[PDB]
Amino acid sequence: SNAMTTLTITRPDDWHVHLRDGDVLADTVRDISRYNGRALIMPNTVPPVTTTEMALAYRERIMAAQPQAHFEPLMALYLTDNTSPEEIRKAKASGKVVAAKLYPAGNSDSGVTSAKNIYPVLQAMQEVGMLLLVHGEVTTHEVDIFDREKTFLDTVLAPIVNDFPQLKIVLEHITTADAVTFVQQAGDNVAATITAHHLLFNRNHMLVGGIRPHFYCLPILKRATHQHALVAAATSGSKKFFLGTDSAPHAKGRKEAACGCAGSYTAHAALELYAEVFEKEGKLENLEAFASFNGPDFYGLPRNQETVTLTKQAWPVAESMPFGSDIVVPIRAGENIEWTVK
């Protein structure tokens, strides 16, 4: 379109991102720090960030990768069945760890096998004002992959919300109308993040006319009817919904394989992609709340005091971008993005 019209808003933040580690960190930190004031750095490195010491060391590597001078990373811990209440208390005391992430687990991955095992941890989190971030999916063999989110809401999340009414809980990267309704009907202590990719795409983009693993992510892209509920939620501006990309890069070779890794890469153009959704819905006025106000307000952190400018201008995205010594295929590779943000 290239109308070259402008919108100035408060500088945004990203409340859910995977930066990985090591050689790729200069590339991922470059992308995330371009315009964000802050980002919430997810803990599922190898090994996972299960302690305060690990979180602070990882934070130092991020800062060493040379972010923009306006950028502050915020860290999260990875919860396990062995996590003690004491580690929660130490982490919050550091001032740089603001949340802990619950990844469900069954040879099965590390994580929490039973919510009951971490009740003392959740109590400690409630007490210190640490947020619980939840990847809301069960891992039961009997449950179909597209039903895992809905099953989680009923069996796991509802009991937790019922038991911890003063615990701030973010349902990360919601993908279903079931989760939208859950969050809307839960109390003031429940909120959710919405990715750019679950707003722009549905499962047909991954599977029609060929299989496209660069659209493969967890939780999985759902039906178009679920996508439409997410768009309505995000563009309402409601205080319960805020920006969290779940940008999750892997090397091209690990994506395009007999068994390809889960994760879509949107950090190269995240706010620009969100702007297209909000513009298409005729709701650009609500973008600032979603991107810059709702998350900090829910986390209890100050809003950014600087502004960014969104310009309606199309630009082509490269087929691939550097990713350490390898490459990553970004969302909209070989196509145009319709806004620029600086």
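Heads up: residue numbers just count along the shown sequence, starting at 1.
According to the entry, the deposited sequence has no residues without coordinates between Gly129 and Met130, so the chain runs continuously there. Just going by the entry, 259 to 267 versus 80 to 88 on mean CA temperature factor gives the higher value to 80 to 88.
Look at the C-alpha B-factors of 194 to 202 and of 93 to 101. On average they run higher in 93 to 101. For the set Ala248, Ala115, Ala179, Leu230, the PDB entry puts the maximum C-alpha B factor at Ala115. Set against one another, the Cα B-factors of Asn286, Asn36, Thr45, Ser292 in the record reach their highest point at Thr45. Ranked by Cα temperature factor within the chain, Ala26 sits in the highest third according to the deposited record. Split the chain's modelled residues into thirds by C-alpha temperature factor. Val317 is in the middle one.
Sort the chain's modelled residues by C-alpha temperature factor and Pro12 lands in the lowest third, per the entry. Annotation for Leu310: CA B-factor lies in the middle third of the chain's modelled residues. Among all modelled residues in this chain, the alpha-carbon of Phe71 has a temperature factor (C-alpha) in the highest third.
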